[PDB]
Amino acid sequence: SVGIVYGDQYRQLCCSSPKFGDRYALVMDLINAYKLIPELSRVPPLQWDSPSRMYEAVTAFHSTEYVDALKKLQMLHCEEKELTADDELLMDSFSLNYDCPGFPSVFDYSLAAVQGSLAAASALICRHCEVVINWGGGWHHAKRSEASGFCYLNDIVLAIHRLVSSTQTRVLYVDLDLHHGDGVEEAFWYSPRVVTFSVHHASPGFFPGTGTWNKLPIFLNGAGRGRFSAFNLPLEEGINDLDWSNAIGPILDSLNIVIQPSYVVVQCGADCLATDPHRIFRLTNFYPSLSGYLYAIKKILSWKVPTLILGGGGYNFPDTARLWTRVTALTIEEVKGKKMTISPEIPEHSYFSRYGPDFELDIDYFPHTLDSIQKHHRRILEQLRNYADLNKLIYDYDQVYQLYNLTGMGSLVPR
Amino acid sequence: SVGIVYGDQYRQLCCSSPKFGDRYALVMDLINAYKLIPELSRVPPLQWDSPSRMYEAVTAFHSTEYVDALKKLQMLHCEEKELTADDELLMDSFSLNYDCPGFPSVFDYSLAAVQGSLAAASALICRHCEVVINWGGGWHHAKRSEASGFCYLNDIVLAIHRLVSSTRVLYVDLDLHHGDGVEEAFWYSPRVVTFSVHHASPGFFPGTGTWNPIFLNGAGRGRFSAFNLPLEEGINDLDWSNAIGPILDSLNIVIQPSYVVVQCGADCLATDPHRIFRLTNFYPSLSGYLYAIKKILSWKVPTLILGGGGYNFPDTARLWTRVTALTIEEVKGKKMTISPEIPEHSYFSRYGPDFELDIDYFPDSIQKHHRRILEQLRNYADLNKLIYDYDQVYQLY
Amino acid sequence: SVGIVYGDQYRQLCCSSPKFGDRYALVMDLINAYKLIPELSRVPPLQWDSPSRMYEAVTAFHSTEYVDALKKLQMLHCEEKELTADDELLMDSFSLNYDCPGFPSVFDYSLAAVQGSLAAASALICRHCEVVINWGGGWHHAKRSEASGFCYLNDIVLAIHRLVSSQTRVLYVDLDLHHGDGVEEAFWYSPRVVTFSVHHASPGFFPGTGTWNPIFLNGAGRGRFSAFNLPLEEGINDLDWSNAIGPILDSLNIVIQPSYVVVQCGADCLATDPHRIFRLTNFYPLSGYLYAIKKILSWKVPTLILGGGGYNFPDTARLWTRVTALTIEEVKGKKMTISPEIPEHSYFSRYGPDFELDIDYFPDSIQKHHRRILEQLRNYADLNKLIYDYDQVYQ
Amino acid sequence: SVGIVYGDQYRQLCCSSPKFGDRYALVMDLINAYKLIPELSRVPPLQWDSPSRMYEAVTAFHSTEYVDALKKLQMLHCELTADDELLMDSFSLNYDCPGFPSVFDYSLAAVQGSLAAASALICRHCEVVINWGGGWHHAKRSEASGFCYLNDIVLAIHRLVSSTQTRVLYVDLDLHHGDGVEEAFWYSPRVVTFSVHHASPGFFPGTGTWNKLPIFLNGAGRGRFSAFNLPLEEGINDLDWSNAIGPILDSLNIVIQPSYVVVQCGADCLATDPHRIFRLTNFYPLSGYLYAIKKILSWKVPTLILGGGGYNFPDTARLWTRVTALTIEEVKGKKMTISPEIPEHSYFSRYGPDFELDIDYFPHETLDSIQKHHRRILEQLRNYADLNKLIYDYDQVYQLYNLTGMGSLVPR
Ligand SMILES: Cc1ccc(C(=O)NO)cc1NC(=O)c1ccccc1
Ligand SMILES: Cc1ccc(C(=O)NO)cc1NC(=O)c1ccccc1
Ligand SMILES: Cc1ccc(C(=O)NO)cc1NC(=O)c1ccccc1
Ligand SMILES: Cc1ccc(C(=O)NO)cc1NC(=O)c1ccccc1
Ligand SMILES: [K+]
Ligand SMILES: [K+]
Ligand SMILES: [K+]
Ligand SMILES: [K+]
Ligand SMILES: [K+]
Ligand SMILES: [K+]
Ligand SMILES: [K+]
Ligand SMILES: [K+]
Ligand SMILES: [Zn+2]
Ligand SMILES: [Zn+2]
Ligand SMILES: [Zn+2]
Ligand SMILES: [Zn+2]
């Protein structure tokens, strides 16, 4: 059973932010126009029995004071009058400004992603779905008491918290977004049962600045009982589908062999696409060379582990919809063993005109030694050996070796 | 609203240099130990959407090859290998050597201050704040293609170039050293008037900002637009205040600036290891710096306050804590009571052995300069068709 | 109409190189001796408003540091002194050495072909001409940052890039003795520019590509199956060459339906070329060159005709004069009667000792290549969702 | 007496081309708005008594067939066959020199103004005459070029140089090499041409620079050494450009002793021209233009001043309005004070956002000097004197260059 989070008020709320506009509607309507919706079990967003139980949900991670401020910020923007000087200072103390502005639905918008991702986690826990997709979720930058990068509430941390708290349970979190998932990584920095792994761009001045090097420089990788449980693969700009795929594949499989997660949570932000306005990575949604996204999603799904698939970044809205519609059809193929054929021409529906000038499903893009990252593979596998050692897990050197030996790189695997 | 630039990562990068060590952490911890942070609006450092975007922002002043050299220098110092002869040559052609050495975070360190001062300028432009403080910035010696005086990227030039493009800007440089990089950058520009007061003497860094014999003061349309007041060693709070006060008043009258940018280098302090001037951080005579910031703040012009020099780190923290409280008093009106005793906190033991907020100090050529400077202001107002009562301004001296 | 690139400055620049000498003058002056210029529209070479504009045009394909190196190489050869060891290393790193030497005008000479071929692309685009000829152009071996085969700037790539950015699909046909690797390489990832080169290929023969690699490479990414090659053994004649390429040209037209055709017409396949590899002629009773040009022109697609190789200068002039007259005839519908004797003119002595227009010459593997190429065409059209009658093509 | 070519029909024709639009109207109206017109003697464009007299005037330089084709192109646009297309392309009546309804009247008008201006110099009615509708220096005998269809400079110089020992000095300040004027007089020693310009690979028109060590061609036959060229790299400012041509101009005046000077004063060297090559200004406290014009007028030689290029139309008018006031000042000895604010007139709105007379530009600065060109040029000047049997006043030329410290560059 493949689940997906949708609902009438859920779509209105998801589409009510100044930065993301109607992106969620495009995604779900393109999925709908390709007739995928009948294949999928609709997962209704969680609702609560009182503000108290809701406040209790959100404050499992977020400070009560930051939640109150996020609520006040919404009420303020729904009245005509301006913020007082004290209002200003309180919002700034929570970074409720600049790149995380207030707007009339900012709290309802932020809560909706939490409702969706918590409901998604619950459908996995009680084994109603093997996989659940939430294209309204994935806000990986939000901190305990800080908004960041248009992330006001961290649905991912809250969904993971519910998975680990369900009745030796380990979660593997995989962050494919163009940006470092600092918010998820920071929340579980001291926790061995949530192993985070983000692949991303990092360069000086690039948001948010972490997920890379810090006497020679070093990678911090978690602390205390969490030492070695935070993994990062920072990559230079310009990477294509094959090199990104080759970069994370063996790492993904090695993490799965050693962590043995009970659940996998995948943040699947689409700003790595070549046609994203960031213009940094050069990934595609192509499907016969092959989209590194689809390659990674197919590999994770092959592990047969209950999985949550989340959205995230993606600022070319039509191309984000093209990629996540393919990710959704792939998930249906892999889980249900059911062939999903997707016509190259965008079907008739009410957002058809946004897919111009081509109205095709492939993004409108033409892909065209020394850039290798074998010392990162070696660093990360030694980190994996340390994690297994510190947590007294089996480390199957032979299985990890054979994997990397498929690409002639067994010599990077430590014993 | 008074803004102050800070962040976790930004504090980490400002404290990673060999020459300024942990000074920014002491400054921001004394400000916080005095409960000033709740009064202040946190301004986060600017971040960019791509490498191309950051490069576009920095080569708005610096040359691309100088930026590549500086980033190359960081990568080399993040390896264990010694530089090749060819790479020593490349770094030497950009003065990335001697007093501007490489170190493992030299590029992130340099850029952090640009991020800090660019965000501060943006906050003033969209009118989020009336004043912004950035104690991690103020690197006034860097040139387009050249490090100098431990300044690798000129965050002041970039911030001024952002304000003057949103309009005249008055730049005020209180540092012991001449602000030559800022003055050079706007040498041909009438809409950025620069005014530096400083020590100058034969062989004293950087060597400019004095008689050259006659005084140079801008070129092209920017003629008469760079102002300089050099002073002999030994000057105290009151004489320094009296030498600078009338010049500040006359520039504001005649120029009518849209923004004021103040470099507030703390190496004029009597306890700085340069031991050249005798300024204090006393708020009752009155500190030269506090007198100056208060006057500039009296103008109600949106103002950037930046750091700079200052090599006695606890006394720089003592000076800039008072400047921060004063800015809060003058902008919000909210009286600021600072205990004379250093509050307990992480760095409390650095403020030994006395743990007082006051620094531990026991306290004609200028008239000829005033004559010449007023003549140059008159010349500037002439050339730029500005309207001013030459008699009200003449009365200021 | 039919356009031809020329100009006095252009002619002086195109004749300033050590390797092709005054070939361009022989070409253009045989064309004039035969009273063909009044039938042709003169296309002046493009000129730019500033150094920056010239640089923006040329670095559409070439790297800036390569353009910088090329202009520095010209300056150095206008000085008396030797190059420094460091300057030699610099030029080596862009292969500005050996068969791509410096000389006093190497940059102005190279750029002139770009000026002519861009002006010719533009005359096609605004529709002033149906066909344009540039016998000073056709330097198909230059790469993004590398001279090769006396090609310093790839004028074809820049012309083709101007035509595709004017949905536009361009067919490039390369009849030169050598594989057009630079043009092929430039559009390796692009399905909108389909490249077809026929050439000699054999072990050790320049530049090495355009043949079994074993299998044939033919493009990558969305350009897969979009680079076509027909390598041929030495000694082939007009009729075997014609039968070899004739069906491939027709099939490419039917299936790609190109918006423009760009034809490189290097004359080093001639029997009398000092390469002495192919046995093609300039005979119009039939010259393989005239057969292919006439086939290509019968398609009525706006067409760019370019020069290229050709190292027997009077015999290249004989072929290119016949190509020009034929293009006039095929386009305007108006017979062009060319005397079998060379008319008198400034360069008449070069055509001795017989002074005649005909060049002085007495005149299954391919089935495997046709089946390979027909299958690759099918893969191309299928990958590009182009509609076409497979059976009509296979005939 | 300073003359200026103007007339009602003349304004209309000069304003009727697609490429230059109303540029001539902004120029003359700004001169008018600064009140310079009463100081100037209006010089009416020349008219002829028949088509044949007109055609005789124009074919003193241009071929019969090129003029005939140019007339046809204008008649054609007032209503093309494939042979009309071929005919026009044989004269480069295409691309950068297209046809338009008035292309012949437009082209003829500049001839009419420059010849009338020459005539006013010849008969001593004026010491100097300005024509801002003229200066089309690229047009060839049988070829339109660079939006020049008829070469009014060539025809004007030919009238001067044949009026009753007579030599003309032609000075071309335009951004571009004056190829059309240089080619016309290439075999003639009595018209000495000097062009300063940008030249670089691919920049129009390509001549006026280097051509075994490369060489400068400089005339042929009796005209050997009579064509001077100074090509400059991009970025030159008012002072470097002033120092580059000042001494060459003074030396040319000293050695050649011209009876008339003709100055093409094309404005595309302005920093604000769309070409963005040179960084000249119109500033006047110093503009290289105003510097060079002041220097030429100080020789007290009857002088014709022509327009040319200039594709920022308000800034072209700001330059040429200053050139006009300075000519009045230098020739009549009469102070011409021009206010910094553009005066009120129908085109006032075209000088925004500043509405000031100084162009809106901010200037800002061994190995970029051109002292070898001075040496090459002074040697060519000495060769011209020899060939033509003129006195070469070494001491005066030397004293001239030793003002800068460069006497050592002067040949004996
Ligand atoms: C500023 C920022 C911060 C965070 C994220 C993000 O998606 N993180 O996962 C994205 C952004 N990017 C943007 O807001 C953006 C939008 C359009 C063009 C370029 C950039
Ligand atoms: C060498 C130098 C260069 C520039 C600046 C400066 O602060 N410029 O604004 C300061 C210095 N001074 C010093 O670095 C210094 C440090 C400790 C004791 C004495 C001097
Ligand atoms: C070495 C080379 C490289 C490229 C090309 C060429 O024409 N490519 O299109 C031709 C050559 N051939 C020659 O340069 C050559 C010249 C004369 C006699 C024999 C050979
Ligand atoms: C193509 C041309 C040809 C000749 C001349 C010229 O002024 N010669 O004196 C000028 C040009 N320049 C231009 O036509 C031009 C116009 C506007 C912007 C950029 C360029
Ligand atoms: K990521
Ligand atoms: K963890
Ligand atoms: K100072
Ligand atoms: K200035
Ligand atoms: K070929
Ligand atoms: K191709
Ligand atoms: K000129
Ligand atoms: K001459
Ligand atoms: Zn992102
Ligand atoms: Zn200092
Ligand atoms: Zn060849
Ligand atoms: Zn010009």
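Just so it is clear: chains get the letters A, B, ... in the order the sequence lines come, proteins before strands, and each one is counted from 1. Indexing begins at 1, ligand by ligand and atom by atom, following the structure's order.
At least one N, O or S atom of D:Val191 sits under 3.4 Å from the K ion (ligand 12). The distance from the K ion (ligand 12) to the nearest N/O/S atom of D:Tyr187 is not under 3.4 Å. Under 3.4 Å from the K ion (ligand 12) lies no N/O/S atom of D:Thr193, from backbone or side chain alike. D:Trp186 lies apart from the K ion (ligand 12) in this respect, since none of its N, O or S atoms is found at a distance under 3.4 Å. At least one N/O/S atom of A:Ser198, from backbone or side chain, sits under 3.4 Å from the K ion (ligand 5). Residue side and main chain included, A:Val199 places an N/O/S atom under 3.4 Å of the K ion (ligand 5). Here A:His179 meets the criterion, with an N, O or S atom under 3.4 Å of the K ion (ligand 5).
Panel note: side chain A:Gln267, backbone A:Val174; no donor-acceptor pair is recorded below 3.5 Å.
Aromatic ring pairs are classed by plane angle as parallel below 30°, tilted from 30° to 60° and perpendicular above 60°; the pair D:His138 and D:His176 is perpendicular. Ring orientation note: the planes of A:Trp135 and A:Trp324 are close to parallel, at an angle under 30° on the 30°/60° scale. Using cut-offs of 30° and 60° on the angle between ring planes, the pair D:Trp241 and D:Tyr289 is tilted.
Seen from the K ion (ligand 12), atom O of D:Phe185 and atom OG of D:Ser226 lie 110° apart in angle, a value rounded to 10°.
A:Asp177 has its closest N, O or S atom to the K ion (ligand 5) at the position named O. As for D:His176, its N/O/S atom nearest the Zn ion (ligand 16) is the one called ND1. For D:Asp268, the N, O or S atom with the smallest separation from the Zn ion (ligand 16) is OD2. The N, O or S atom of D:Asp174 with the smallest distance to the Zn ion (ligand 16) is OD1.
Taking the ring centroids of A:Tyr315 and A:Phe20, they lie under the 6.0 Å cut-off. Ring centers of B:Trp48 and A:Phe206: at least 6.0 Å apart, outside the cut-off.
Side chains of D:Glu182 and D:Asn229: a donor-acceptor N/O pair is present below 3.5 angstrom, by distance only.
Of all heavy-atom pairs between A:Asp276 and A:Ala270, the closest is OD2-O, 4.0 Å.
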